[PDB]
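Take a look at this one chain, the form deposited in one PDB entry, written out in structure tokens.
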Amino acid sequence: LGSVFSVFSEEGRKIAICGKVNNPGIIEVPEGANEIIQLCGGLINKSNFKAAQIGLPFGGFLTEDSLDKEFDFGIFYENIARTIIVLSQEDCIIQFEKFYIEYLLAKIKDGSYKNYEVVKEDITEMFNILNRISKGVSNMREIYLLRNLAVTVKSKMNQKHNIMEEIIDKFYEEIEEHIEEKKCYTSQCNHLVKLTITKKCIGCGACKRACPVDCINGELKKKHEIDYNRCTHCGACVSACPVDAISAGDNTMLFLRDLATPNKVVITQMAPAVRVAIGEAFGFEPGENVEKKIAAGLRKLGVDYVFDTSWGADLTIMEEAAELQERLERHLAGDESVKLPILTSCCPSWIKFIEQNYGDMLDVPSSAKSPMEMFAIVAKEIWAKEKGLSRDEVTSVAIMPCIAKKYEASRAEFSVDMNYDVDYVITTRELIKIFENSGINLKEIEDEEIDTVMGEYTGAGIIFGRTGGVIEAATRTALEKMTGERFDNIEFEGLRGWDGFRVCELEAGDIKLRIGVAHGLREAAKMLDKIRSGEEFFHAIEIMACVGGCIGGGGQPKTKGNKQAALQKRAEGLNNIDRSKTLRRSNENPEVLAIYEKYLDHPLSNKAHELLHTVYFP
């Protein structure tokens, strides 16, 4: 178990400090009379002391009152447990107490402390209350409830200092803030964090210029703010700030805490484009596929199952190719109710982009969920059920190249009973930092395989990560099954290339399809304006918010050298992965076919709609 911001995973007269102190470790503590942290190297950044837990399962809870005055050594309660989690002002009390309660509940559930069984349910309710607070679904009554629960527990455990009572006493203001203002001042509660420009804004106006939809108003050097109603979460502003004034959260600490929670099942998915960029932080060239290094590293961190978003992309193609074929058949049949083009793209940014500016084209996009959310729902409603786990007993973490995927995973449509299909997102950069600080070097770690049932993927799925790949995959499947012919050359070079707005004409048998591809939302605006004006007609379109597609996402490591060359290199790495696959059509993936044969029975069925489709623009 370990914990620190900027990351670490730390795997008599001895203690174990793993809080917000720089340099986590065990250290041999001297017996001389505030600077104890200093002996551990101070706290991350220079954040002031908040508290220090003694013993992870249970001990004492120390607050500021012990800071500049004699820290009685022996007050480490006899059940010291030889570990200390030190808190700074950067740690949210709600999140920490959730982690504490879950650790205690796990050790109860495994028999380690049966003397606490009598209070098991009570503590569980505490967690539930805490969870509701972190999810923003609470009133102030929760405090009342917590207090009584605290009072109850301390009665049966006979304690003179009950942690929850003191938490209420000392951090009432933070809790009230969370509940009434729906605000977590440390931004650890990912479900209370919005993309926001903070006080470090200098009014340089870079974000205003960079925003493709002009989401930011504000003049001179006056603080700028994001008009969340039109924000596409494309993340251009975050990359453009001369400072760190724009924050969209960082779930690193949540990931570490979950990994350190005993008997908690943590599974991961990873976006197609991550595997060709992450290795750059460890000496690989752009485009080199290091997915097996990622798998081994994630397992070393403690991940119990490593899957792949490209599997979900194959499932997405099953649905989207089916819908494209249906729309084409209706169009050719003279049904004027149908709408063309059909948009196929896993990028959330088009949603807000279309609703606010192309409200005559709400019937264009496919109803299929993204590969990330398709994977997530299948993992919790089928795989976990298969393994006899309820959805809350599985923590599904998505490693993605984008902040927009954080926003998507936070959407309430992709959740049930306050359990989010994607529990949270970790970006490529954040994972790089986790690996770096935990001593995991992807260059030197031994390869490991991704887990099969939701990890196998075709080249159609993998090319999702670069511009033109989604529509290429969907077209592969749809044209091949509409013609009955297997293509000798399955690659559609017309859909490749790098122009911001690309037009392609694909001929297969009697079928002729006109395709539009845009990467960069301004080029997308050009293409959609052309569609509306009738200057051009399209059967299908792909829209990507980032130049180059997902390989150019804002959550990816900053490129080294020539930017365009590096992005093209990553895209061609995805294309080379595709060329190296035996299976290059999504409908060939045996595991996705198993999904259809055993649960959903065929694409566009009622069950398939219920699980794998959603309603954009409700």
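Throughout, we count residues from 1 along the sequence that is shown. Whichever C-alpha set is largest while still superposing within 1.5 Å between the two forms counts as the rigid core. Only residues modelled in both forms are compared.
The entry shows a gap from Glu11 to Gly12, with 4 to 9 unmodelled residues of the deposited sequence in between. A summary of the deposited B-factors shows that, of 294-302 and 152-160, the stretch with the larger mean C-alpha value is 152-160.
Look at the mean CA B-factor for 67-75 and for 365-373 in the entry; the higher one is 67-75. The maximum CA B-factor among the listed residues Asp392, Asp110, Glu542, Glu288, taken from the PDB record, is found at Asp110. When the C-alpha B factors of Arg411, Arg496, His331, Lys385 are read from the deposited coordinates, the top value falls at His331. For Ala210, the recorded CA B-factor ranks within the highest third of the chain. Only modelled residues enter the ranking. For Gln556, the recorded CA B-factor ranks within the middle third of the chain. Only modelled residues enter the ranking. Sort the modelled residues of the chain by CA B factor and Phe537 lands in the highest third. Among all modelled residues in its chain, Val4 ranks in the highest third by Cα B-factor. When the modelled residues of the chain are ordered by their C-alpha B factor, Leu567 lands in the middle third.
Another form, the form deposited in another entry, is not on view; read the next lines as being about it.
Of the residues listed here (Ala81, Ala384, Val238, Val193), only one shifts its CA by 2 angstroms or more between the shown form and the other one after fitting on the rigid core, and it is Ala81. Here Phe284 does not count as shifted, since its C-alpha moves by less than 2 Å between the shown form and the other one after the core is aligned. Superposition on the rigid core between the shown form and the other one places the CA atom of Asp72 2 Å or more away from its counterpart. Taking the core as fixed, the only part between the shown form and the other one where three or more residues in a row have CA shifts of 2 Å or more is 68-81.
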